[PDB]
Amino acid sequence: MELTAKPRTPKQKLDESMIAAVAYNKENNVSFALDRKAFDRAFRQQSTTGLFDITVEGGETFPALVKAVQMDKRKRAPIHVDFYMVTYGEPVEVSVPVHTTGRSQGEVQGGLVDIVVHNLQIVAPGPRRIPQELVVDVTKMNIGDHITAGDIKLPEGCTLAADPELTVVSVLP
Amino acid sequence: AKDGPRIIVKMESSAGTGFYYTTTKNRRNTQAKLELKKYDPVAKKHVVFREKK
Amino acid sequence: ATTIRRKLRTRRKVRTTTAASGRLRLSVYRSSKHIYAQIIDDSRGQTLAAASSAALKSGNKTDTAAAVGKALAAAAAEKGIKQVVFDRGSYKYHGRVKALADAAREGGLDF
Amino acid sequence: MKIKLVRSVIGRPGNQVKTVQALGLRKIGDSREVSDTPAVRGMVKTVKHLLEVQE
Amino acid sequence: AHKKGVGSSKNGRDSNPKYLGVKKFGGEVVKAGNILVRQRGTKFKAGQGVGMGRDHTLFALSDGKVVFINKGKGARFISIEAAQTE
Amino acid sequence: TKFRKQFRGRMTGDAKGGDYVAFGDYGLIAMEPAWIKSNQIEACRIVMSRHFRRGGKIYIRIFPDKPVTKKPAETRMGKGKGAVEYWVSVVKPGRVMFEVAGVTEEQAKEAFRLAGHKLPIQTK
RNA sequence: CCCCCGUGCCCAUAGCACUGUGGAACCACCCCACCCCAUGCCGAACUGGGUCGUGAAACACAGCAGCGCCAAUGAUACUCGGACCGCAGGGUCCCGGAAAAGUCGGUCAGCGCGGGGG
RNA sequence: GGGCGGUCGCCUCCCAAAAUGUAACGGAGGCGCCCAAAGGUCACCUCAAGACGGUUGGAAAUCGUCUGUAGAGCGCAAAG
RNA sequence: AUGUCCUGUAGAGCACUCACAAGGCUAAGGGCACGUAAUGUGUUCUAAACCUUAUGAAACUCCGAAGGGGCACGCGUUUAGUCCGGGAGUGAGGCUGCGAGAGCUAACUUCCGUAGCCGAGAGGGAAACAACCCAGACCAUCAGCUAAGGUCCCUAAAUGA
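Residue numbers (the entry's author numbering), protein chains in the order written: chain BW, 1 to 173; chain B3, 2 to 54; chain BP, 4 to 114; chain BZ, 1 to 55; chain BX, 2 to 87; chain BN, 8 to 131.
Encoded structure:
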C-alpha cells in the first residue's frame, strides 16, 4: 500500500510478481509498478466503496478509487489494467456492475439462475468516483414487472452515454 | 458478325461528291429504307448524305 | 432562395482568372440600394479601394448599373486603367448584367 | 578525439552494413578515430553494446 | 470452347499498375497513376482527392497528367519558393 | 447451423484472439484456439444438459466459424472440393458462467470432457 | 476603440438549443404589375418601380457544456532490430518510432481587407 | 499421372506477402456492346427512406413535411 | 545524419457492407381469444430496427505508423551513376526463416515471393550426414589466439567455487 518504483520500460512489468501501473494526475504522469500480493482487492469489497490513501515515495496524498475491474484474459494473471485518481477538471469508463443474487424464483414455470455475461453498463457519473450501492436483478421475475437498465437505483443524478436502453439482467426465465 | 433479320443493323449512309460512308450504325427502330441525315463528310462543310444502298 | 440557392457560381467563376488570370473578377450585389462595383485583379488578390454615392442619387435596378459601367469604369481602375476583363454573372441576366457590361466598354475596359 | 570499434560480424543485416560503405574498416583487432561529422553520431547505435568509451 | 458444371476451366486476368514520377522528383510531364487508362491533364500534381491531403511536393518544370477522379491532380502555380522566373 | 450459404472460403492461422469479458458470476475461457470438432460442439450443450434441470438458461460468447474441405483419398494430387468437416476455433473467451450455487461448475466439469486441450473455468 | 453590405485563411477550440435587443445609415417582409426578364402553373424565392409600415423565427451580438468538437511526452495496443520461453500464433528483457478512449481546458475564434457615424 | 469430363482471350478482386508485387483441376460476375445521344454549352433541382392524415385507395401507388457520414442514381461484374 | 510527401496492412474502433449479444421499445407487424363497419376495445412475441449494453473481419470507416522510395545537403571505401557489342547457361530445383493458397494449419506434396544455403568450395558443433551456431582459404612451418563445441574416459580441455 506504498509506492516508489519508476522504470519507464516494460522490463519490471514482465518479471514474476509485479504489474506495470499507470498515472496521469494533474502534472503527474509516469509509469510506476508495485508488487502483487493482496493486489486483487479491487472487485472483492472496495469497488469504489470507500477511498483510502497510499503514501507515495515523496509528495502528496491522492485517495482515488478502483477504476472498474479487469483481472486477466483467459488466465488469471491480471496484465495491466488501469487506475483512476480524482484530479482532472474528461475520460469515461464507470464501474456500475449489476449482480445476480438469491434463490431464483424461476421454478414458477421454468428458468434458472440470473445469467448475465456482459461487462458493460449504461452509467455515466460526472466527476470520477463510482459509488457502491445498487441492486437490479430481482423484483418478482414473472411478467408485468421486469427490472433492467434505463433508470433504476442510479448512482447520483441522471445518466449520459448515447441511447439509454441497454439490456443487462432482465428476466426471461 | 451474324446475318438474318433479327438483331443488328447494316446501314451506312451516302453523300454526293463527299466520298464517305459514315461507316456506323444503330437500329431499325426508326423508318427503313428512307434515312434522312445531314452532318459533315470529307471536310469542307457538310455535304449531301441521304442514304440509299 | 439565396443563402441556400446562391452557390452555383462561386468557385466555378474563378476558373478563368485563376486558370488564366488574364481576366478580372467582379463583385455584383443585389441590395437595390446604391450600386458600386469594387473589382480586384487576378484570383490571387482581393484588396482594392473604390468610392460611393455623392454623384446622382435616385435608387433603381435597371438604369443604375450601366451607369457605373462607365460612370466609374476608371475612377477606381487605376492599375493599368484597362487590361482584359471578365464579368461575374452571379445570378441570372435580368438586364443589370446587360446594362452595365453593355455600358462597360462604354467608357473603358477590354472585354 | 580517439575512437575505436565494436565486436561483431555475421548475424547482422545489411542495414548496419551501411556503416561499412560509410566508414571503411576491415576486421576488429585494431580500430580508429574519425573526421568531425556529428551526423554520424547515429551510425553505430545499433549494437552499441560492443564498443567502448572512445579508447 | 465449351464447359459445364462440377468442373470449370476458366482463366483469370489483371494488368500493370505502374505509378510513375515517384513524388519529389524533377517534374516535367511524366505520367503517374494509371488508375484510368484514358487519363487527363494535371499541370502540377498537388495530390488532391476527397478529404484533406495533397502531396507535399512543390517542384516546377511543366504539365503533369495524372490518375482518375479517384484521388487528385494538381495544377498549382507555385514551384516551391520560386515564383519570379525559372 | 452457422451461415446458410454465402459462399465458401476461409484460411488458417493460430494465435489468440479477442473476446474476453469480465463475467458476473463464474466465468470460463478457452486458452488459444484448441480442438473442438464442430460435431463436437454439436455435443457441447447437450452434454452440459444431461439433466442439469428441466429448464435453465445461461450465456456463451462464441459461434461456429468453420469450413475446411477435406476431399476423398483416391489420389490426392489436385485442387479441392468442399468443406465437409467444420470447426469453431477461439481465443480465451467466456462460454458458460453459472448463476446457481452448490452446483458451482458441474456442467463446466464435463465441458473439459470434449476438450483434448486445456480449458480452465476461472471465475469473476 | 463605434455599429456595419463584403474577399480570403478555412474546413465542427464558429452543430443545435436558452435570454434579449437594434432598425433611421447596414439587412427582411411589403407595396404597385401590362411592358426588359416572359417562371414545369401562376410571376410568389427567377419579375419593372419604390418615401408608409415593422424586424416577429429567418438579419445581428455577447453570456451561455445538455451531448457533440481539439483534447496531449505519461501505462496499453503497434513497430526497423538483438539472444531467448516456446507450440505457429503467443511470450521476457534489452529497447527507438511512438494509436485511441480516459485527465484538465476551451467551445458561440481571430487578422489584413471596401464604410453609413459622436 | 492416361484421360471421358474438365482448358485453352479479355476484365473485379479475395488470397499477394501496406510502392511494382506471381501462381493455382482454389473461388466467385460477364463479354467481343450502347448511343444522332446517358455527346459539347448554359441553367435549376439532394436521392432511396419513416412519420401527419386524408383517394379507385382491406400494405403498397397521392401529397405537405423534418430527418438523410446523402443510405439514390450516373447505360450491364468489380473496384476507384 | 537530415528535409519533405505518401502508401494505409498490423490494430483500435464502427456509424454506409455481412452478420453479434442484452435491455427499453418496436407487432406499419402476426396470429391462441366469447368478437367482428378498418375493428374503434384489447392482447401477446423475435421481428425491421433507434438508443443504450456495447460483437466479430482477407476482401469494413474522418485514425495511424515500422519499413521503402524521390531528390537534396554534405564524403567517409571503392568506379559506385553511365550504354554498343563475340559469345553463355539451361529452364524441369531443396531446405530453415517470412505468410497464405488445395489441406484432419499434415506431407525434404504442392503455388508464391523475400536472406541464406547445396546445382559451382573443406571443417568444428552436429555420433558420421546439402541450407543449423561459428567460419570460406597463395603453397609450404609437428609457432599464437579467437567462436562454436567441451573442461571423466575410449580421442583435447577445472567432477573449480
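For every residue, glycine included, the Cβ atom is placed at its ideal position computed from N, Cα and C.
Any chain BW beta carbon closer than 8 Å to residue i
{"i": "residue 14 (chain BN)", "result": "no"}
{"i": "residue 61 (chain BN)", "result": "yes"}
{"i": "residue 53 (chain BN)", "result": "no"}
{"i": "residue 68 (chain BN)", "result": "yes"}
{"i": "residue 114 (chain BN)", "result": "no"}
{"i": "residue 92 (chain BN)", "result": "no"}
{"i": "residue 101 (chain BN)", "result": "yes"}
{"i": "residue 29 (chain BN)", "result": "yes"}
{"i": "residue 86 (chain BN)", "result": "no"}
{"i": "residue 125 (chain BN)", "result": "no"}
{"i": "residue 72 (chain BN)", "result": "no"}
{"i": "residue 41 (chain BN)", "result": "no"}
{"i": "residue 21 (chain BN)", "result": "no"}
{"i": "residue 106 (chain BN)", "result": "yes"}
{"i": "residue 118 (chain BN)", "result": "no"}
{"i": "residue 36 (chain BN)", "result": "yes"}
{"i": "residue 77 (chain BN)", "result": "no"}
{"i": "residue 65 (chain BN)", "result": "yes"}
{"i": "residue 47 (chain BN)", "result": "no"}
{"i": "residue 9 (chain BN)", "result": "no"}
{"i": "residue 44 (chain BN)", "result": "no"}
Rounded C-alpha distance that separates residue i from residue j
{"i": "residue 85 (chain BX)", "j": "residue 12 (chain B3)", "result": "60 Å"}
{"i": "residue 1 (chain BP)", "j": "residue 28 (chain BP)", "result": "Any question about residue 1 (chain BP) goes unanswered here, given that chain BP covers just 4 to 114."}
{"i": "residue 152 (chain BW)", "j": "residue 139 (chain BW)", "result": "12 Å"}
{"i": "residue 84 (chain BP)", "j": "residue 81 (chain BX)", "result": "32 Å"}
{"i": "residue 48 (chain BW)", "j": "residue 115 (chain BN)", "result": "32 Å"}
{"i": "residue 98 (chain BW)", "j": "residue 45 (chain BW)", "result": "14 Å"}
{"i": "residue 72 (chain BP)", "j": "residue 30 (chain BP)", "result": "13 Å"}
{"i": "residue 93 (chain BN)", "j": "residue 121 (chain BW)", "result": "35 Å"}
{"i": "residue 33 (chain BP)", "j": "residue 47 (chain BX)", "result": "37 Å"}
{"i": "residue 15 (chain BZ)", "j": "residue 35 (chain BN)", "result": "47 Å"}
{"i": "residue 75 (chain BN)", "j": "residue 128 (chain BN)", "result": "29 Å"}
{"i": "residue 132 (chain BW)", "j": "residue 24 (chain BW)", "result": "24 Å"}
{"i": "residue 40 (chain BP)", "j": "residue 89 (chain BW)", "result": "53 Å"}
{"i": "residue 1 (chain BZ)", "j": "residue 32 (chain BZ)", "result": "10 Å"}
{"i": "residue 53 (chain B3)", "j": "residue 33 (chain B3)", "result": "10 Å"}
Residue i at chain BN interface by Cβ criterion, 8 Å
{"i": "residue 80 (chain BW)", "result": "no"}
{"i": "residue 100 (chain BW)", "result": "yes"}
{"i": "residue 34 (chain BW)", "result": "no"}
{"i": "residue 116 (chain BW)", "result": "yes"}
{"i": "residue 129 (chain BW)", "result": "no"}
{"i": "residue 126 (chain BW)", "result": "no"}
{"i": "residue 70 (chain BW)", "result": "yes"}
{"i": "residue 74 (chain BW)", "result": "yes"}
{"i": "residue 113 (chain BW)", "result": "yes"}
Nearest-angstrom Cβ-Cβ length linking residue i and residue j, presumed shorter than 8 Å
{"i": "residue 116 (chain BW)", "j": "residue 169 (chain BW)", "result": "5 Å"}
{"i": "residue 26 (chain BX)", "j": "residue 77 (chain BX)", "result": "Residue 26 (chain BX) to residue 77 (chain BX), Cβ: 16 Å. No contact."}
{"i": "residue 118 (chain BW)", "j": "residue 28 (chain BN)", "result": "7 Å"}
{"i": "residue 74 (chain BW)", "j": "residue 55 (chain BN)", "result": "No, residue 74 (chain BW) and residue 55 (chain BN) are not in contact; Cβ-Cβ is about 20 Å, not under 8 Å."}
{"i": "residue 61 (chain BN)", "j": "residue 102 (chain BW)", "result": "In fact, because the Cβ distance is near 19 Å, the residues do not count as touching under 8 Å."}
Secondary structure of residue i, DSSP reduced to three states
{"i": "residue 15 (chain BZ)", "result": "helix"}
{"i": "residue 48 (chain BP)", "result": "coil"}
{"i": "residue 132 (chain BN)", "result": "The first residue shown for chain BN is 8 and the last is 131, placing residue 132 (chain BN) beyond what the model contains."}
{"i": "residue 43 (chain BP)", "result": "coil"}
{"i": "residue 79 (chain BX)", "result": "coil"}
{"i": "residue 3 (chain BZ)", "result": "coil"}
{"i": "residue 38 (chain BP)", "result": "coil"}
{"i": "residue 36 (chain BN)", "result": "strand"}
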